[PDB]
>>> print(open('run_37.txt').read())   # compact mmCIF, C-alpha atoms (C1' of nucleotides)
# COMPACT_ATOMS: atom_id res chain seq x y z
CA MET A 1405 65.03 -67.48 2.95
CA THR A 1406 67.84 -69.04 5.05
CA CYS A 1407 70.26 -66.15 5.52
CA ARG A 1408 69.21 -65.20 9.07
CA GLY A 1409 69.38 -68.75 10.43
CA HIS A 1410 65.66 -68.93 11.07
CA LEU A 1411 63.15 -69.55 8.29
CA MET A 1412 61.95 -66.06 7.40
CA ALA A 1413 58.51 -66.29 5.84
CA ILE A 1414 58.00 -64.34 2.63
CA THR A 1415 54.82 -62.92 4.16
CA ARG A 1416 54.57 -59.59 5.96
CA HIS A 1417 55.26 -61.47 9.20
CA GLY A 1418 58.66 -62.64 7.91
CA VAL A 1419 60.16 -59.83 5.83
CA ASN A 1420 59.12 -56.87 7.98
CA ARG A 1421 60.88 -58.46 10.97
CA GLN A 1422 64.20 -58.03 9.17
CA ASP A 1423 66.06 -54.79 9.90
CA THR A 1424 65.91 -53.53 6.30
CA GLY A 1425 64.32 -50.13 6.88
CA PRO A 1426 60.91 -48.60 7.55
CA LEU A 1427 60.72 -47.10 4.05
CA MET A 1428 61.13 -50.60 2.62
CA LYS A 1429 58.74 -52.36 4.99
CA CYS A 1430 55.92 -49.88 4.40
CA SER A 1431 56.13 -50.51 0.65
CA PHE A 1432 55.22 -54.20 0.98
CA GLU A 1433 52.56 -54.24 3.71
CA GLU A 1434 51.78 -52.80 7.14
CA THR A 1435 52.40 -49.21 6.01
CA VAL A 1436 50.99 -47.18 8.90
CA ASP A 1437 51.99 -49.84 11.42
CA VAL A 1438 55.68 -49.97 10.49
CA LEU A 1439 55.84 -46.20 10.08
CA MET A 1440 54.31 -45.68 13.54
CA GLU A 1441 56.72 -48.17 15.10
CA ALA A 1442 59.72 -46.46 13.49
CA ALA A 1443 58.52 -43.04 14.61
CA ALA A 1444 58.00 -44.24 18.17
CA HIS A 1445 61.39 -45.94 18.33
CA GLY A 1446 63.16 -43.26 16.32
CA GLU A 1447 64.69 -45.67 13.83
CA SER A 1448 66.89 -44.51 10.97
CA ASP A 1449 66.92 -45.40 7.28
CA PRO A 1450 70.40 -45.55 5.69
CA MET A 1451 68.82 -44.81 2.28
CA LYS A 1452 70.27 -47.79 0.43
CA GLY A 1453 67.28 -49.89 -0.66
CA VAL A 1454 65.90 -49.49 -4.16
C1' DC B 1 52.12 -71.95 51.28
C1' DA B 2 53.85 -68.95 47.83
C1' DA B 3 56.47 -68.01 43.47
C1' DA B 4 59.10 -69.35 39.13
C1' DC B 5 58.17 -71.04 34.19
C1' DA B 6 55.97 -74.05 30.85
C1' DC B 7 51.86 -75.84 28.16
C1' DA B 8 47.13 -76.05 26.46
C1' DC B 9 43.24 -73.41 25.77
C1' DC B 10 40.36 -69.30 25.07
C1' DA B 11 39.69 -64.73 23.53
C1' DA B 12 41.04 -60.68 20.80
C1' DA B 13 42.82 -58.32 16.41
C1' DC B 14 45.62 -57.32 11.32
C1' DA B 15 46.27 -57.53 6.77
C1' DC B 16 45.80 -59.58 2.24
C1' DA B 17 42.97 -61.19 -1.41
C1' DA B 18 46.77 -59.92 -10.01
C1' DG B 19 47.91 -55.96 -13.58
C1' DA B 20 44.99 -52.98 -15.01
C1' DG B 21 41.88 -50.55 -19.24
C1' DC B 22 37.05 -48.30 -20.89
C1' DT B 23 32.12 -46.75 -20.33
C1' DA B 24 27.59 -45.58 -17.93
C1' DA B 25 24.51 -43.23 -13.96
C1' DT B 26 22.51 -41.30 -8.34
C1' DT B 27 23.40 -38.65 -4.88
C1' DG B 28 22.38 -31.44 -6.34
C1' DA B 29 19.81 -31.22 3.18
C1' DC B 30 16.75 -29.62 6.34
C1' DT B 31 12.84 -26.82 10.78
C1' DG B 32 13.64 -23.50 13.72
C1' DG B 33 15.02 -18.74 15.95
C1' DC B 34 16.45 -14.59 14.94
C1' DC B 35 18.05 -10.16 12.50
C1' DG B 36 17.67 -7.42 8.49
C1' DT B 37 14.67 -5.72 4.13
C1' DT B 38 10.90 -4.94 2.57
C1' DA B 39 5.42 -5.44 1.83
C1' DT B 40 1.42 -4.64 4.13
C1' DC B 41 -1.97 -2.64 7.55
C1' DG B 42 -3.09 1.46 10.04
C1' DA B 43 -3.48 6.92 11.62
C1' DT B 44 -3.41 11.56 10.29
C1' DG B 45 -3.55 14.50 7.33
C1' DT B 46 -4.60 17.77 3.08
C1' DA B 47 -6.45 17.83 -1.81
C1' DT B 48 -10.57 17.06 -4.51
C1' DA B 49 -15.58 15.40 -5.10
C1' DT B 50 -20.14 15.81 -3.46
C1' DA B 51 -24.15 17.47 -0.19
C1' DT B 52 -26.38 21.08 2.79
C1' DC B 53 -27.18 25.63 3.77
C1' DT B 54 -26.81 30.79 2.81
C1' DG B 55 -26.44 34.76 -0.36
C1' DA B 56 -27.34 37.31 -4.89
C1' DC B 57 -29.91 37.29 -9.18
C1' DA B 58 -34.05 35.92 -11.89
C1' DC B 59 -38.95 35.00 -12.94
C1' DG B 60 -43.37 35.04 -10.87
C1' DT B 61 -47.21 36.10 -7.57
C1' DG B 62 -49.07 39.40 -4.47
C1' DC B 63 -50.73 43.24 -0.99
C1' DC B 64 -51.08 47.75 -1.05
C1' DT B 65 -51.48 52.55 -2.82
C1' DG B 66 -53.04 55.54 -5.92
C1' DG B 67 -55.53 56.05 -10.38
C1' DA B 68 -59.20 55.26 -13.39
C1' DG B 69 -64.66 54.31 -15.08
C1' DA B 70 -69.90 55.12 -15.23
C1' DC B 71 -73.14 57.35 -13.50
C1' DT B 72 -75.31 60.94 -10.82
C1' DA B 73 -76.64 65.67 -8.73
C1' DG B 74 -77.09 70.38 -9.24
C1' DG B 75 -75.04 74.39 -10.08
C1' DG B 76 -70.87 76.81 -12.45
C1' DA B 77 -70.03 78.60 -16.83
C1' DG B 78 -72.30 80.78 -20.47
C1' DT B 79 -76.29 83.00 -25.03
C1' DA B 80 -79.16 86.65 -26.17
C1' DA B 81 -80.96 91.77 -24.91
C1' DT B 82 -80.75 95.80 -22.60
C1' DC B 83 -79.21 100.18 -20.41
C1' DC B 84 -76.52 104.16 -20.35
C1' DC B 85 -71.98 105.24 -18.42
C1' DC B 86 -68.23 106.78 -20.47
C1' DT B 87 -64.88 106.78 -23.94
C1' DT B 88 -63.17 108.46 -28.33
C1' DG B 89 -63.55 112.16 -31.24
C1' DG B 90 -64.19 117.24 -32.87
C1' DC B 91 -63.45 122.62 -33.27
>>> encode(input="run_37.txt", output="structure tokens")
Amino acid sequence: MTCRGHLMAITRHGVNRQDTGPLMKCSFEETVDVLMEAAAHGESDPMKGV
DNA sequence: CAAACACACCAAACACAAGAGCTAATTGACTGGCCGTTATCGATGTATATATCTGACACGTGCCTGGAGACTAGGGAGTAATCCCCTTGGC
């Protein structure tokens, strides 16, 4: 919770802000939203999360 | 006076609401126009059934011709005697 300096909330508003990966954010919450944002911005997933 | 940012407020959305597991029952589209098939109504017959009229056959009635009946008139056909002509017969 205190690795990025600011207090990341455990909610969708705090974990999805981290640059983990769209495939990991969509699992938790905000599926279509995070997927759409990644598609628009052309993000990349390193394929390292479980 | 006009533009910069900051704050408080108002107004507008997003996403979540544990893991699941079993069983039952309610919903099973619908008027209308139109084409395509087919059932029905209609004409245009030809075949068969029945009615009217004509033709041939049948039974019956009839008009007409010729035939038949009773009776009559009066004379044609016909007995009974006679003569003697003439035939058959003869030497």
>>> closest_atom_pairs(input="run_37.txt", of="chain B", to="chain A", cutoff="12 Å", atoms="only C-alpha atoms (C1' of nucleotides)", output="JSON lines")
{"residue": "B:14", "atom": "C1'", "partner": "A:1434", "partner_atom": "CA", "distance": 8.7}
{"residue": "B:15", "atom": "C1'", "partner": "A:1434", "partner_atom": "CA", "distance": 7.3}
{"residue": "B:16", "atom": "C1'", "partner": "A:1433", "partner_atom": "CA", "distance": 8.7}
>>> residues_around(input="run_37.txt", residues="residue 1420 of chain A", least_positions_apart="2", cutoff="12 Å", atoms="all atoms listed in the file", output="VMD selection string")
chain A and resid 1412 to 1418 1422 to 1435 1437 to 1439 1441 to 1442
>>> atom_distance(input="run_37.txt", atom1="atom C1' of residue 17 of chain B", atom2="atom CA of residue 1421 of chain A")
21.9 Å
>>> axis_aligned_box(input="run_37.txt", around="segment 53-62 of chain B", padding_each_side="4 Å", output="AutoDock Vina command-line options")
--center_x -37.8 --center_y 32.5 --center_z -4.6 --size_x 30.6 --size_y 21.8 --size_z 24.7
>>> atom_distance(input="run_37.txt", atom1="atom CA of residue 1446 of chain A", atom2="atom CA of residue 1409 of chain A")
26.9 Å
>>> atom_distance(input="run_37.txt", atom1="atom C1' of residue 19 of chain B", atom2="atom CA of residue 1454 of chain A")
21.3 Å
